[PDB]
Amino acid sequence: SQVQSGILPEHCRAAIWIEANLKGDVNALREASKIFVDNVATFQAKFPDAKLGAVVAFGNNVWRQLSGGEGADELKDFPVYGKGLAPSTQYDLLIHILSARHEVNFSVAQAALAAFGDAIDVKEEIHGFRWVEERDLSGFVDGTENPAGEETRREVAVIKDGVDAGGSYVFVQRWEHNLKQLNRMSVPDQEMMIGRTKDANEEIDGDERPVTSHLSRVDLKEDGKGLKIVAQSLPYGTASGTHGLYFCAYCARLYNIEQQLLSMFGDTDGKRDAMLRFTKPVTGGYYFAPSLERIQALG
(Lines of atoms letter the chains of each structure in order from A and count residues from 1; the text may use other names and numbers.)
(Lines give C-alpha, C1' and ligand atoms only; values in the text may rest on other atoms or scores of the structure.)
Protein backbone atom coordinates (compact mmCIF):
# COMPACT_ATOMS: atom_id res chain seq x y z
CA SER A 1 0.00 0.00 0.00
CA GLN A 2 1.26 3.43 -1.04
CA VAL A 3 1.02 6.63 0.98
CA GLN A 4 -0.43 9.74 -0.63
CA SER A 5 2.33 12.03 -1.89
CA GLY A 6 1.72 15.07 0.32
CA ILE A 7 2.11 13.53 3.79
CA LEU A 8 5.87 12.98 4.22
CA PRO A 9 7.71 15.61 2.07
CA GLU A 10 9.92 18.04 3.98
CA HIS A 11 10.88 21.66 3.41
CA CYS A 12 7.91 22.63 1.23
CA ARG A 13 7.99 26.33 0.36
CA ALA A 14 4.27 26.79 -0.33
CA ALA A 15 0.97 25.01 0.15
CA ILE A 16 -2.74 25.30 -0.53
CA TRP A 17 -5.44 23.96 1.77
CA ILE A 18 -9.02 23.71 0.52
CA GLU A 19 -11.89 22.66 2.78
CA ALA A 20 -15.31 21.84 1.36
CA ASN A 21 -18.70 20.31 2.14
CA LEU A 22 -20.38 17.61 0.09
CA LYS A 23 -23.24 18.68 -2.16
CA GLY A 24 -25.59 15.83 -3.04
CA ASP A 25 -24.70 12.18 -3.58
CA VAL A 26 -21.65 11.08 -1.57
CA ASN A 27 -20.75 8.57 -4.30
CA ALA A 28 -19.74 11.41 -6.63
CA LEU A 29 -16.60 11.80 -4.50
CA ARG A 30 -15.36 8.37 -5.61
CA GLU A 31 -14.60 9.26 -9.23
CA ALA A 32 -13.49 12.80 -8.34
CA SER A 33 -10.93 11.53 -5.84
CA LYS A 34 -9.55 9.10 -8.42
CA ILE A 35 -9.29 11.84 -11.05
CA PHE A 36 -7.53 14.11 -8.57
CA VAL A 37 -4.83 11.65 -7.51
CA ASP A 38 -4.24 10.82 -11.19
CA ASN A 39 -3.98 14.56 -11.89
CA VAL A 40 -1.32 14.84 -9.17
CA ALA A 41 0.83 12.18 -10.85
CA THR A 42 0.40 13.97 -14.18
CA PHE A 43 1.46 17.29 -12.63
CA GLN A 44 4.46 15.59 -11.02
CA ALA A 45 5.61 14.31 -14.43
CA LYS A 46 5.12 17.72 -16.04
CA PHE A 47 6.74 19.74 -13.22
CA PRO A 48 9.49 17.55 -11.74
CA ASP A 49 11.26 20.60 -10.33
CA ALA A 50 8.17 21.42 -8.24
CA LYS A 51 8.69 18.50 -5.81
CA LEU A 52 4.91 18.43 -5.64
CA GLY A 53 2.79 16.34 -3.33
CA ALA A 54 -0.86 16.34 -2.39
CA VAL A 55 -3.43 14.77 -0.09
CA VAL A 56 -7.17 14.23 -0.33
CA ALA A 57 -8.74 13.49 3.06
CA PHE A 58 -12.29 12.91 4.26
CA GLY A 59 -14.39 13.92 7.23
CA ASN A 60 -15.99 11.35 9.48
CA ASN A 61 -19.50 11.18 8.04
CA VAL A 62 -18.31 10.96 4.43
CA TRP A 63 -15.56 8.43 5.15
CA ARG A 64 -17.94 6.17 7.12
CA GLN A 65 -20.23 6.16 4.07
CA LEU A 66 -17.45 5.53 1.55
CA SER A 67 -15.77 2.82 3.65
CA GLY A 68 -18.94 1.09 4.86
CA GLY A 69 -17.85 1.75 8.43
CA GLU A 70 -14.68 -0.35 8.04
CA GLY A 71 -11.52 0.80 9.80
CA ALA A 72 -10.46 4.35 10.63
CA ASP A 73 -11.46 3.57 14.20
CA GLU A 74 -10.09 6.82 15.63
CA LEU A 75 -11.74 9.17 13.12
CA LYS A 76 -14.33 11.60 14.45
CA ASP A 77 -15.59 15.13 13.98
CA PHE A 78 -13.49 17.81 15.63
CA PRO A 79 -15.31 18.02 18.99
CA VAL A 80 -14.36 21.53 20.26
CA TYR A 81 -11.90 21.90 23.14
CA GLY A 82 -11.57 24.34 26.02
CA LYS A 83 -15.33 24.92 26.17
CA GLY A 84 -15.03 26.76 22.85
CA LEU A 85 -11.48 28.14 22.99
CA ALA A 86 -10.65 25.72 20.17
CA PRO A 87 -13.70 25.89 17.86
CA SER A 88 -14.91 23.24 15.44
CA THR A 89 -15.39 23.99 11.74
CA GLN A 90 -15.63 20.40 10.56
CA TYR A 91 -16.18 19.93 6.83
CA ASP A 92 -16.46 16.88 4.58
CA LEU A 93 -13.35 17.18 2.40
CA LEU A 94 -9.77 18.43 2.71
CA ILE A 95 -7.39 19.02 -0.21
CA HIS A 96 -3.76 19.71 0.79
CA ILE A 97 -1.25 20.63 -1.93
CA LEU A 98 2.37 21.43 -1.17
CA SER A 99 5.52 21.93 -3.21
CA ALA A 100 8.45 24.22 -3.94
CA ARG A 101 6.36 26.28 -6.41
CA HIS A 102 3.24 28.20 -5.39
CA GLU A 103 2.38 28.61 -9.08
CA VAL A 104 2.24 24.83 -9.61
CA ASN A 105 0.15 24.47 -6.44
CA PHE A 106 -2.34 26.92 -7.96
CA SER A 107 -2.72 24.85 -11.13
CA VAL A 108 -3.24 21.69 -9.07
CA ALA A 109 -5.90 23.42 -6.97
CA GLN A 110 -7.73 24.45 -10.15
CA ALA A 111 -7.61 20.83 -11.33
CA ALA A 112 -8.95 19.67 -7.95
CA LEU A 113 -11.92 22.04 -8.12
CA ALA A 114 -12.61 20.87 -11.68
CA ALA A 115 -12.46 17.20 -10.68
CA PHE A 116 -14.96 17.57 -7.82
CA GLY A 117 -17.08 20.15 -9.65
CA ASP A 118 -20.64 20.56 -8.36
CA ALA A 119 -20.19 17.73 -5.84
CA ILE A 120 -18.57 20.15 -3.34
CA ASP A 121 -19.17 23.58 -1.82
CA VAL A 122 -15.86 25.25 -0.97
CA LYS A 123 -15.73 26.79 2.51
CA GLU A 124 -12.04 27.67 2.97
CA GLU A 125 -8.96 28.21 0.79
CA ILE A 126 -5.67 29.22 2.42
CA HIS A 127 -2.33 29.80 0.71
CA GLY A 128 0.59 29.05 3.00
CA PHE A 129 4.15 30.24 2.50
CA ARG A 130 7.42 29.45 4.24
CA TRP A 131 8.66 32.67 5.83
CA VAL A 132 12.23 33.91 6.34
CA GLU A 133 14.47 31.44 8.21
CA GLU A 134 11.49 29.02 8.36
CA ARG A 135 10.07 31.08 11.22
CA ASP A 136 6.51 31.56 12.34
CA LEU A 137 5.38 35.16 11.91
CA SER A 138 5.94 35.47 15.67
CA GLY A 139 9.67 35.27 14.92
CA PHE A 140 10.05 31.84 16.51
CA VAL A 141 10.71 28.82 14.28
CA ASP A 142 7.53 27.49 12.67
CA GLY A 143 7.56 24.13 14.48
CA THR A 144 7.94 21.86 11.43
CA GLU A 145 11.69 21.09 11.50
CA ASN A 146 11.22 17.75 13.30
CA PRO A 147 10.82 14.83 12.91
CA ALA A 148 13.45 14.66 10.15
CA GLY A 149 13.86 12.02 7.46
CA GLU A 150 11.39 9.79 5.65
CA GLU A 151 11.94 6.84 7.99
CA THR A 152 10.98 8.57 11.25
CA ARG A 153 8.24 10.63 9.58
CA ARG A 154 6.70 7.43 8.21
CA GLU A 155 6.79 5.83 11.66
CA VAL A 156 4.97 8.80 13.20
CA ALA A 157 2.46 9.60 10.45
CA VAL A 158 1.60 6.45 8.47
CA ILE A 159 -0.55 3.53 9.61
CA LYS A 160 1.55 0.36 9.45
CA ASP A 161 -0.85 -2.59 9.23
CA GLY A 162 -4.44 -3.51 8.58
CA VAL A 163 -7.11 -2.21 6.23
CA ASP A 164 -5.87 1.36 6.78
CA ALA A 165 -2.17 0.70 6.09
CA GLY A 166 -0.58 3.65 4.30
CA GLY A 167 -3.27 6.03 5.56
CA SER A 168 -2.92 8.89 8.03
CA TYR A 169 -5.10 11.12 10.21
CA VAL A 170 -4.99 14.86 9.49
CA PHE A 171 -5.70 17.87 11.70
CA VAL A 172 -5.99 21.45 10.41
CA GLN A 173 -6.46 24.62 12.47
CA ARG A 174 -6.06 28.22 11.26
CA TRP A 175 -4.63 30.64 13.83
CA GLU A 176 -4.87 34.45 13.77
CA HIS A 177 -1.84 36.17 15.31
CA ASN A 178 -2.06 39.58 16.95
CA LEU A 179 1.53 40.75 16.50
CA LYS A 180 0.77 43.99 18.32
CA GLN A 181 -0.08 42.03 21.47
CA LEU A 182 3.01 39.89 20.87
CA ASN A 183 5.41 42.81 20.43
CA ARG A 184 4.28 44.39 23.72
CA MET A 185 5.90 41.35 25.37
CA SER A 186 9.62 41.47 26.00
CA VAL A 187 11.57 38.78 24.18
CA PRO A 188 12.46 37.02 27.47
CA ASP A 189 8.76 36.87 28.34
CA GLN A 190 7.95 35.50 24.87
CA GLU A 191 10.56 32.80 25.43
CA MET A 192 8.83 31.72 28.65
CA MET A 193 5.58 31.67 26.67
CA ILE A 194 7.04 29.33 24.01
CA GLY A 195 9.62 27.43 26.06
CA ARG A 196 12.57 27.93 23.70
CA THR A 197 14.85 30.89 23.03
CA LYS A 198 13.71 33.00 20.11
CA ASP A 199 16.79 33.68 17.98
CA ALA A 200 18.79 30.46 18.47
CA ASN A 201 15.83 28.14 19.20
CA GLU A 202 17.64 26.63 22.19
CA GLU A 203 15.34 24.49 24.31
CA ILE A 204 14.72 25.79 27.83
CA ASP A 205 14.72 23.04 30.44
CA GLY A 206 11.26 21.91 31.48
CA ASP A 207 12.08 22.61 35.13
CA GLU A 208 13.07 26.21 34.28
CA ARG A 209 10.09 27.07 32.05
CA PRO A 210 6.47 27.54 33.16
CA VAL A 211 3.96 24.73 32.80
CA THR A 212 1.91 27.08 30.60
CA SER A 213 4.73 27.30 28.05
CA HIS A 214 3.82 25.86 24.67
CA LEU A 215 6.51 23.18 24.87
CA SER A 216 5.29 22.13 28.31
CA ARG A 217 1.79 21.88 26.85
CA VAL A 218 2.60 19.73 23.78
CA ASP A 219 5.82 17.83 24.61
CA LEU A 220 3.95 14.85 26.01
CA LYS A 221 5.05 11.32 26.84
CA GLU A 222 3.19 8.09 27.54
CA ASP A 223 5.17 5.42 29.39
CA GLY A 224 8.27 7.45 28.53
CA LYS A 225 7.55 7.47 24.77
CA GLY A 226 6.85 10.79 23.10
CA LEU A 227 3.50 11.44 21.40
CA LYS A 228 4.88 12.77 18.12
CA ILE A 229 3.25 14.24 15.01
CA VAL A 230 4.37 15.32 11.54
CA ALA A 231 3.59 19.03 11.16
CA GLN A 232 3.07 20.61 7.71
CA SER A 233 2.05 24.06 9.02
CA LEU A 234 2.90 27.28 7.21
CA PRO A 235 2.40 31.02 7.72
CA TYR A 236 -0.39 32.70 5.77
CA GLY A 237 -2.02 36.05 5.28
CA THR A 238 -1.46 39.70 4.45
CA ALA A 239 0.79 42.19 6.21
CA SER A 240 -2.01 44.73 6.75
CA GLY A 241 -4.88 42.27 7.34
CA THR A 242 -5.38 38.83 8.86
CA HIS A 243 -2.25 36.70 9.26
CA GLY A 244 -0.97 33.84 11.37
CA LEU A 245 -0.13 30.15 11.21
CA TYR A 246 -2.13 27.53 9.34
CA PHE A 247 -1.46 24.53 11.55
CA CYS A 248 -1.53 21.15 9.83
CA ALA A 249 -0.45 17.83 11.32
CA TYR A 250 -0.45 14.20 10.20
CA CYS A 251 -0.31 11.26 12.61
CA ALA A 252 -0.85 7.49 12.51
CA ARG A 253 -3.14 8.01 15.54
CA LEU A 254 -5.54 10.87 16.15
CA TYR A 255 -4.93 10.20 19.86
CA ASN A 256 -1.57 12.04 19.79
CA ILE A 257 -3.12 15.20 18.34
CA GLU A 258 -6.09 15.15 20.71
CA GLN A 259 -3.87 14.77 23.78
CA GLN A 260 -1.85 17.82 22.75
CA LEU A 261 -5.05 19.80 22.15
CA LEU A 262 -6.56 18.76 25.50
CA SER A 263 -3.36 19.95 27.18
CA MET A 264 -3.17 23.26 25.29
CA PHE A 265 -6.79 24.24 25.88
CA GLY A 266 -7.19 23.54 29.59
CA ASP A 267 -8.83 20.10 29.55
CA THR A 268 -6.01 18.25 31.34
CA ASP A 269 -4.53 19.84 34.48
CA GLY A 270 -6.48 23.09 33.94
CA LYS A 271 -3.60 25.19 32.60
CA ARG A 272 -3.76 26.73 29.12
CA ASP A 273 -1.14 27.39 26.47
CA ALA A 274 0.51 30.77 27.01
CA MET A 275 0.37 31.40 23.25
CA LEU A 276 -3.31 32.30 23.67
CA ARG A 277 -2.07 35.67 24.96
CA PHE A 278 -1.39 36.75 21.35
CA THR A 279 -3.01 34.26 18.95
CA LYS A 280 -6.20 32.22 18.71
CA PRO A 281 -7.54 29.36 16.57
CA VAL A 282 -10.57 30.15 14.42
CA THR A 283 -11.02 26.85 12.53
CA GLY A 284 -10.70 23.20 13.40
CA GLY A 285 -11.25 19.88 11.64
CA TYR A 286 -10.15 16.24 11.60
CA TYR A 287 -9.84 14.15 8.42
CA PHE A 288 -8.72 10.70 7.29
CA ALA A 289 -6.25 10.40 4.42
CA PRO A 290 -6.53 6.94 2.79
CA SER A 291 -3.74 5.17 0.96
CA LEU A 292 -3.56 5.64 -2.80
CA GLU A 293 -4.62 2.02 -3.34
CA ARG A 294 -7.66 2.63 -1.13
CA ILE A 295 -8.67 5.69 -3.17
CA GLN A 296 -8.30 3.79 -6.44
CA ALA A 297 -10.57 1.08 -5.02
CA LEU A 298 -13.39 3.59 -4.38
CA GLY A 299 -14.54 2.80 -7.93
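Sequential numbering from 1, following the sequence displayed.
Comparing 152-160 with 206-214, the stretch with the higher mean C-alpha B-factor in the PDB entry is 206-214. The PDB entry reports B-factors from which the mean C-alpha value can be compared for 142-150 and 73-81; the larger average falls on 142-150. Highest CA B-factor among the listed residues (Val132, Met185, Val172, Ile95): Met185.
Across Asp136, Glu125, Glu103, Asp189, the entry's maximum B-factor at the CA atom is seen for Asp189. In this PDB entry, the Cα temperature factor of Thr238 sits in the bottom third of its chain's modelled residues, the lowest group. Ranked within its chain, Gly285 lands in the middle third, by CA B factor from the PDB record. In the PDB entry, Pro87 places in the middle third of its chain by CA B-factor. The deposited CA B-factor of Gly68 belongs to the middle third of values across its chain.
Ranked against the other modelled residues of its chain, the C-alpha B-factor of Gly53 as given in the entry falls in the middle third.
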